[PDB]
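Quick heads-up: the structure tokens below are two forms of one chain, split into structure 1 and structure 2.
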Structure 1
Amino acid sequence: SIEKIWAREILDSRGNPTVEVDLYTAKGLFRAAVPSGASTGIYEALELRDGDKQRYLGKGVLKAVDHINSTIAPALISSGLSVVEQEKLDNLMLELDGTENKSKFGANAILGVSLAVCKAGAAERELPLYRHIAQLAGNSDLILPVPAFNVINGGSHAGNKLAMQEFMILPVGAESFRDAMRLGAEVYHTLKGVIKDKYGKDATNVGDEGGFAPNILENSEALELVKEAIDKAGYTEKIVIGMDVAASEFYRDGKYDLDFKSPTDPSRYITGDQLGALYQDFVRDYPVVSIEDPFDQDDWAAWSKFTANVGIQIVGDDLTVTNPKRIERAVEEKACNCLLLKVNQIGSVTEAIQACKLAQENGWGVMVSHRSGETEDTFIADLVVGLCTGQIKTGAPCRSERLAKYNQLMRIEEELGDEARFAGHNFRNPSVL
């Protein structure tokens, strides 16, 4: 049972306030924290902010913390329920909120508490978090995921002209996860040199996700750099490329703009038909095997088209916003074959696990993801393992809000011993391993 719940305001990796919760049980103290996004789809579970302009620019989260300490806490404590009952405790909060998008308490308030409970439940069962999570999702044989490092930030994640948002490297040819870390870290370091020597030292700083933010515009340039770093590191036959366009960030009047960070100019606009032609080039020119949000969150048409031709992975983000309703539609229209799992987009663990299953049962793939605004919390590490998704993207091997996850994953592999199995080339369908 829950003894005491106490939330507070801490700062995420961007310097903005976020929710953190301490949940007490006879087993001990369990703490968790909520991440925050920069490029958020309109259909995302509401994130409740204070709006007090004279404090943190209105980004404060004192209201969400109050809802937790003064309302949610006594509610879950009275329930007498044990922290092991994730599904029950989560519903109680959903019902108490009473809104569809968690607009009364905020998805950040409910999620914080949900995460803390999961951790407490695992302890009550004397099992590591990833084990408890697997039991909740109904899994048995855990599997370490292939990491997708965003080594080159763009869009709203970094200061530069680059339209597209993320350019990732996936060590599918690694021997294990620990080895995958070495490959990604090594390629990343080489990449720093390639950029320094080609664009100068003043271009080796990093963006919100730890990726380098050079001063360029061409989306193919970023792809050439990554391809070079990989080859220069001697991993052409082991590391592939993935990317997140985040078209919704530059959607303007039924036209995708590859230069939104620059003064508005309708002259430099392309249609979804054009935008898709570019990907067909990227997929053939570079070892790209995955493309997230290649179109706008409401451009269902283009999506179903692209997926019908390409044989690679098409990840939905703002299109599905980890929401069963939006997913049902995409599954129906075959708009994509992969789901990006963002827990704070749905607002609770229970729904996130249910959202993952919905994807998997439909033959889709699942990539657990962080938010551009992260914290030292490492929950998603045990999450991706417990759900056996086989793939996670939680930043470049730079900035600890990212490394915290990757380090925890290497510990999980260590903890599994011989039972540790790397997804590898089966990152899309690890159920065969």
Structure 2
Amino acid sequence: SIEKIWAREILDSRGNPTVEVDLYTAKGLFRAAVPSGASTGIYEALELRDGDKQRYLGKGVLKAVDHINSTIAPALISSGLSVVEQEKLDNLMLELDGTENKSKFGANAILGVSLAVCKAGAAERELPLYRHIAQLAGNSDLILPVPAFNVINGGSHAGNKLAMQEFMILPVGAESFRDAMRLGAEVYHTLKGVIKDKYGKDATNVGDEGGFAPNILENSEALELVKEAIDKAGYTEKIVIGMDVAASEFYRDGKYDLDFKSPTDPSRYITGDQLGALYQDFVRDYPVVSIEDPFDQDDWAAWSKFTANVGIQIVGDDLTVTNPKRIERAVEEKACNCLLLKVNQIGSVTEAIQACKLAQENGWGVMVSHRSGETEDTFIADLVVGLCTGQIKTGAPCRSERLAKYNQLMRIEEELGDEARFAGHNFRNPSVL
């Protein structure tokens, strides 16, 4: 079936090399690219890097590309397996790599081939990508998700003092997904003028994901900024707020440092119970309906203590890193109620669907996610519709590595027609529609 698998090296949205994979069947060419994170969790699968300090400062992927063309490609072509056999083709790759964290061939090399197989399998069944993903996941009631646009930036990769990473907007009161695109964009442009009118003309430049990073320090000031633009645009009750705290980035000696980019002074460190009491204030004072990574990736006691005392959504990112082993622990410990899905964290389409199936079996919500370094690949758009999760965050309505997914989700919605259903206020449990 597979006539040729060919991989190359392309530059992501950050200017860093990443793996692109071309797969040739009888029906044509199928191309897929692998994203790359910035503030990574130490538990995810290995992103294969060259380490050549004189070529892209060590960030090349020539070795992961070589494992594809010289080993994985001839082994999958020799199989005789159709491109529709996603599980069998993914298993055989996990067999050849052998390692637990996919350290032999790299997760970006395995996922790149796995992503192109799934696209080729969709054509062989004469199905769109999202419908083929749904048949793989055992679903049939596709739903368009609620987009979460990261519009205010803080954390390890923002030149400000704001400690928390992402302040997002979720147009839950939209009529359709295309209607949600307009609400998120108009509030994004409205926020651009407010930031320019309070922090200067030189404070509107965007970060890796397209959001603004003004020089603020209090996290409640960021929420007030978001709510200020939400009301100013006239969507006070149709758009709520989500948060990616990424609290692992300032986990100092068992406490939390909401000013970790300042000179290290351990007097300002707060406890997990103090940090939770701050989240509770964010929930009562602001329309915060989702909080991602509220504590450290290993502070399971704080996760379970907080989730049991809140009614909003708790999203595990670095806590679960799309890993079925760590998801089961969070399910048993009730550490969170939502799973952030990043296919490159686990390294294969089959495992990513298995991680999503595991969470949904336990009443969890699932949010398909991007990485800081994205490409022009639009796979996760068809993934979030095929898995029927109800929520996806893949950047602000800015930079086309973010909008190629948003545009595709508008092509998917228009294609579904009357069959399409928008999650809306049911972004947590879309199956009740």
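C-alpha atoms forming the largest set that superposes within 1.5 Å between two forms make up the rigid core. Residue indices: 1-based, along structure 1.
- Of the candidates 304, 99, 91, 262, the Cα that moves 2 angstroms or more after core superposition between structure 1 and structure 2 belongs to 262 alone.
- Relative to the superposed rigid core, the position of the CA of residue 158 differs between structure 1 and structure 2 by 2 Å or more.
- A C-alpha shift of 0.3 Å is found for residue 371 between structure 1 and structure 2, based on superposition of the rigid core.
- After superposition on the rigid core, the Cα atom of residue 273 is displaced by 1.9 Å between structure 1 and structure 2.
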